[PDB]
């Protein structure tokens, strides 16, 4: 029941009750989470998105981002509203037609208009590798081995009141889970394994906000992939996974046939597992159909620490092995005050004309691009370093860069940089007060690429900038289809802009 790489995808409103509480939602493919979109490395994806939304309480416009896919030469297909496109209006469709050269791993897709993905438009996106270097480490890798972690809210995203704290009402694992308050014994998700087999579990955070402490009672987890990047095997017994991150891990079904709790503890909302909140079930074939009776340890023996991860391939780190050892070394001032986030003193407010369209129309430096102060040019064929010092309220903030992955030269909670063999990824926690999480990449992908906190409430409140990478080559690199050119006139007509 995976779809793609060539598929329609209808976006609709419907009622759902994933924790026993009914509310309307914004859904892809009629389900929460949406169906898995899948193909093989190098494939041409043609995802024709039909906007069938009618309920304005969750916005009737939409736009979909394919998280972690580089979109080289297809910046127009990336999805962030008012960065690479105007939204698709109701009753219309749009073909996101792109290729995935050189990428294979675990990704996801989500609305990228306002806070709409929180209302339900989120699902997995898997790019398989027929020649996966990790293939011999497991036996089973299919739709039954994808594990999604989601926050779920009873209040609609657009209806979250100004000036009140936002927390979720349930953790959903594979779309099911129990509410933190007024808990009812609604069904839990079951992940089934066969004793003796090995599984590539593809763990996807589709969170709008919380990070999760993920574990499986009785089991450990051997990480083999981080945000699309193959890793050396790293065995852990708990994974702290931030919004939008992905891991693959090998699960060896090497415990007695039985039932084991799967745990996903968010950093906000309900604490613990009373009544089966924050929980799913790992069930071995042949086990009794009953809840697990296992318990977590008080202290985990081998939690994931990001500096322990290393690429499988020899990826290195571009630039020179010291702070500022890049062609374009940046340090962003990330702040929060009075309900708004800012980067270098500017709070992001989406522009009327998408940044890509401004560039195609001839705006050719970043000072000419709107929003003023929110678009930073990057030079072509250059090593970029971005330091992201933490401290802004609401952390730890998982920062994400479109169009690229990056070397994590410095991770949370550790002052020592790594210029030799750090993991590469696309979404990174910037940590806690006094940290200096730092990323590096090379600019070989012309176009405007969003950089933002992936806590969607923080993005909405301005925690973003756009990197206009290689403005001079953006138009030649990214030819646009007529349907894309038609989006802004249709949107602006519909909205009387």
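Numbering follows the first chain given and starts at 1. So that the term is clear: the rigid core is the largest set of C-alpha atoms that superpose within 1.5 Å between two forms.
Colleague: Quick check: by Cα RMS after rigid core superposition, does 153-161 or 295-303 differ more from this form in 9 other deposited structures of this protein?
Modeller: With the rigid core superposed, the C-alphas that lie farther in 9 other deposited structures of this protein are those of 153-161.
Colleague: Do you reckon 162-170 or 238-246 strays further from the shown form in 9 other deposited structures of this protein, measuring C-alpha RMS after a core fit?
Modeller: Between the two stretches, 162-170 moves farther in 9 other deposited structures of this protein.
Colleague: Comparing average C-alpha B factors as deposited, tell me which of 247-255 and 396-404 sits higher.
Modeller: The stretch with the larger mean CA B-factor is 247-255.
Colleague: Looking only at CA atoms, which has the higher mean B factor in the entry: 146-154 or 162-170?
Modeller: It is 162-170.
Colleague: Among the choices 423, 121, 213, 313, identify the one whose CA B-factor in the record is greatest.
Modeller: In the PDB entry, the greatest C-alpha B-factor among 423, 121, 213, 313 is found at 313.
Colleague: If you compare 175, 266, 379, 79, which has the highest Cα B-factor in the entry?
Modeller: In this record, 379 carries the highest C-alpha B-factor of the candidates.
Colleague: By the record's CA B-factor, is residue 323 among the lowest, middle or highest third of residues in the chain?
Modeller: CA B-factor rank for residue 323: middle third.
Colleague: Among the chain's modelled residues, which third holds the C-alpha B-factor of residue 185?
Modeller: Highest third - that is where residue 185 ends up once the chain's C-alpha B-factors are sorted.
Colleague: Sorting the chain's modelled residues by C-alpha B-factor, tell me whether residue 433 ends up in the lowest, middle or highest third.
Modeller: It belongs to the highest third of the chain when residues are ordered by C-alpha B-factor.
Colleague: Which third, lowest, middle or highest, does the CA B-factor of residue 193 fall in along this chain?
Modeller: Highest third, going by the recorded CA B-factors of the chain.
Colleague: Going by the entry, which third of its chain does the Cα temperature factor of residue 108 land in?
Modeller: Residue 108: CA B-factor falls in the lowest third of its chain.
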